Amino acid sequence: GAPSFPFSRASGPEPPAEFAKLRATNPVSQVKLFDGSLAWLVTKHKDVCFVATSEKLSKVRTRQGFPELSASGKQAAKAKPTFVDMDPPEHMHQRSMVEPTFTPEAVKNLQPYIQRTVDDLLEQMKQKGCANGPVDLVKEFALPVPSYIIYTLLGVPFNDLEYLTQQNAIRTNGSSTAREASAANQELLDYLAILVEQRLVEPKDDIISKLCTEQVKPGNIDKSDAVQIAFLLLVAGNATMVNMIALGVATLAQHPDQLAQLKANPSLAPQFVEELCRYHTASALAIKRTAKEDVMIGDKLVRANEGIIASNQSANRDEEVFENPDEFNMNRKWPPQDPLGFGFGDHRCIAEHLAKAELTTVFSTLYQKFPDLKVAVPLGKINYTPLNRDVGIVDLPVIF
């Protein structure tokens, strides 16, 4: 029978072993989801791009056959959708309401603020020190960098960043009880509702204010929509950002020649980030669709109302596109084809430019501030996310 999906990673920092075998022998195949239903799994870069862009395929989760991967996903599909789950024309109608903050030009203008945020958190880490033992690079740095930035862009005042960063981490931490995670989730929603009310009365220079002035007050959306769009911008990317920073540090520890290159030349940070986002595809389960009508993909017929999962993680190890795909090599010559860490097509990550700027700032600065930063536990003992989840690192003891 069809194998259960998601697959488990072969080891902490490695993709599922199944993908390489499927790319070679069965690139479009059926898998079994948690509820016994079937879906198609696409593994080759060319086919992943096809799934991401076909207008015969839908992200609408109330359609029959949509591939929810967990009971929690089926429950969430009942809520009013935001743009992540919309097809044209609704998709860009709502996405355009927030895209201006994320353009290449806007993100370029944010660089001094990004640098300041990274610098301030690194100085706090230096002041705290590691004189009594290792400290957790996740809690002290990888978590607050993306958290403080997206909260600040949404509209949160500086004084509230540390508490709300903690609450949002509790929301997804593997140690939280269900009650703890749900209380934190509701706390964030309650806070954002009050902030939306505040910015309806007195807008400021932030995303929530622009939504209030330009969309809520004219009746294009309502205030509960503004809350859910802000919430989506917070939760869609934050845990992924945290994992990418931590995975970057662990990857450099595993590749000491390339770490020495980067220590000697911080201008290598953009190339490091490009290879990191290809090699550790920390969001691998988001390119999902159902077929609105029959669609042929390779040697398979995907029938109407059947579900499809396109693995950008597998695409990013596709030997036909990326030579020596399973070697981490930030000095590689890149091919014409895009790496797919941020997806592809209309739904390609709204924050791709922001995310790359955050990661570039981190990795051009971290080792200038801390030239002797070391992972404090044996690399084989790093606490990765459980193997049946997206790749990530839960905590990362360091000294410096």
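Rigid core (definition): largest C-alpha set, two forms, superposition within 1.5 Å. Heads up: residue numbers just count along the shown sequence, starting at 1.
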Aligning on the core, I want to see which stretch wanders more in 6 other deposited structures of this protein. Is it 194-202 or 172-180 by C-alpha RMS? 172-180
Hey, which bit's got the bigger mean C-alpha B factor in the entry, 241-249 or 263-271? 263-271
Averaging CA B factors per stretch from the PDB record, which one is higher: 62-70 or 342-350? 62-70
Out of 183, 236, 208, 145, residue topping the C-alpha B-factor column of the entry: 183
Would you mind checking where the Cα B-factor of residue 220 ranks among the modelled residues of its chain, as the lowest, middle or highest third? highest
Within-chain third of residue 307 by Cα B-factor, per the entry: middle
Would you please rank residue 125 by its C-alpha temperature factor against the other modelled residues of its chain and give the third it falls in: lowest, middle or highest? middle
Lowest, middle or highest third: where is residue 80 by Cα B-factor in its chain? highest
Ranked by Cα temperature factor within the chain, is residue 370 in the lowest third, the middle third or the highest third? middle
